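Quick heads-up: it's one chain on its own, the form deposited in one PDB entry, in structure tokens.
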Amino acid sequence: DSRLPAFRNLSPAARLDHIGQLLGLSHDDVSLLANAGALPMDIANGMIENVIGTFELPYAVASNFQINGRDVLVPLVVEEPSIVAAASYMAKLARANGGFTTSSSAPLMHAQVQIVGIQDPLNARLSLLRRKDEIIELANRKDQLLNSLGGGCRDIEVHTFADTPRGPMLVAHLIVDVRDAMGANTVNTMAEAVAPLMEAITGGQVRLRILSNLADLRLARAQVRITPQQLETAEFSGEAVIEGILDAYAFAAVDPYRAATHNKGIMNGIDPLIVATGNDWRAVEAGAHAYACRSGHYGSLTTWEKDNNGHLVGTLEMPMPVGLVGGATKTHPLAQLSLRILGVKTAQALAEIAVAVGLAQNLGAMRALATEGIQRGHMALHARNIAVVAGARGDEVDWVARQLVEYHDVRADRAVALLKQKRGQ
């Protein structure tokens, strides 16, 4: 059961006790989070190069999430407030209608084998296509362990660029079926093995043999349904909020400026889940924004419609190059424990959850922005950080300043003013 009552009122330690009993975590697992230093310097020094210490970030747990009828706790690591509060509130609403319905495609990654110096790119392209099975088998022979797990190179698609500054070039794509692995290193290795053979055929000089972060073959999808009666507030009507959201969606669909902020909100929920599981967050961001820019126009990643039934329906489909047997994933003690809380068995399981959180996150920001400003809920949480920006000396009184300025007028302009009300006359 993901629903966690009065969880936000529980102290950090009390919450960890609750999550421990629920999940049935060992006392060894609970200590990794209770006691600082879960990451030993010898391990930390192994990942990065010039390691001198370790940097910490809050590690939270969102709730109410239901992916395909199965409840699940979502661990997040971020520094910005409201993200978890929002993500959980929206997941709570989705519960009433069956939670989040997700899916995904076969984990297909692609390697790029760039070839320059060919005077006949177009003719050379066919030569590679006829000897496709020959190149495929060469790629698989490299990684035998992958073929046994059910993965392996599947097909090859060759593309050309005749009008190029540095001249025409041929770019072959190896469509590799990795799995439970982001597959960066696996695909990159296959591209190296094939390079020689492709030069033998096209007669050009292979340059780059790297993968592509724009994983448009490895998609993850998520769906939500929101009844107007659920969004119904005191000042606004249920159907009124739906239209507001729809106006906000259209806006993000036509204006790239709003789309960048709209897509940023989606990553506010996805990125923290990636950092927790020890996955590459930059790879995820790169595949996301580039995908939003596929139709020659930067736009929304999520869609918001109003079905003929009158309910708000949203979706999120985007590349999700995540893993389970990755590098820092098996290495970092907490990245390992995060997958244990999630209960994921495959990488695609992780991707389906990642898009669900993103979708939930976007709906939350939009609902807020369409109801009445964003400063009402975000600043209430951010009332602590901003208290530090004003409190010069004697940061003890910051706690009290936060409770006073929380009267719907929270801002540094007022935070500096409330200081005199206590320090003097």
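Heads up, when I say rigid core I mean the largest set of C-alphas that superpose within 1.5 Å between the two forms. Each residue number is its position in the shown sequence, starting from 1.
Q: Mean CA B-factor: is it higher for 3-11 or for 414-422?
A: According to the PDB entry, the answer is 414-422.
Q: In the PDB record, does 135-143 or 101-109 carry the higher mean Cα temperature factor?
A: Looking at the recorded C-alpha B-factors, 135-143 comes out higher on average.
Q: Sorting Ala234, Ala91, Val84, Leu342 by Cα temperature factor from the record, which one lands on top?
A: Going by the entry's C-alpha B-factors, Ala234 comes out highest.
Q: Take the CA temperature factors straight from the PDB entry and tell me which of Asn263, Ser148, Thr303, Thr331 peaks.
A: Comparing C-alpha B-factors across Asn263, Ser148, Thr303, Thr331, the maximum falls on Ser148.
Q: Quick check for you: using the entry's CA B-factors within this chain, is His289 in the lowest, middle or highest third?
A: Lowest third - that is where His289 ends up once the chain's C-alpha B-factors are sorted.
Q: Using only modelled residues of the chain, where does the Cα B factor of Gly373 rank: lowest third, middle third or highest third?
A: CA B-factor rank for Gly373: highest third.
Q: Using only modelled residues of the chain, where does the Cα B factor of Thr54 rank: lowest third, middle third or highest third?
A: It belongs to the lowest third of the chain when residues are ordered by C-alpha B-factor.
Q: According to the PDB entry, is the CA B factor of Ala354 in the bottom, middle or top third of its chain, that is, lowest, middle or highest?
A: Ranked within chain, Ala354 CA B lands in the lowest tercile.
Q: Which third of the chain does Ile386 land in by C-alpha B-factor: lowest, middle or highest?
A: Within its chain, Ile386 is a highest-third residue by C-alpha B-factor, going by the deposited values.
What follows is about the form deposited in another entry, which we do not show.
Q: Does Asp29 count as moved between this form and the one not shown, where moved means a C-alpha shift of 2 angstroms or more after fitting the rigid core?
A: No, the C-alpha moves less than 2 Å.
Q: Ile52: after superposing the rigid core, is there a C-alpha shift of 2 Å or more between this form and the one not shown?
A: After core superposition, the C-alpha of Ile52 moves less than 2 Å between this form and the one not shown.
Q: If I superpose the two forms on their rigid core, does the C-alpha of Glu406 end up displaced by 2 Å or more between this form and the one not shown?
A: Yes.
Q: With a C-alpha distance change of 3 Å or more, do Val78 and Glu406 lie closer or farther in the other entry?
A: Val78 and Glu406 sit farther apart in the other entry.
Q: Between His18 and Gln403, do the C-alpha atoms lie closer or farther in the other entry than in the shown form, with a difference of 3 angstroms or more?
A: Pair moves farther apart in the other entry.
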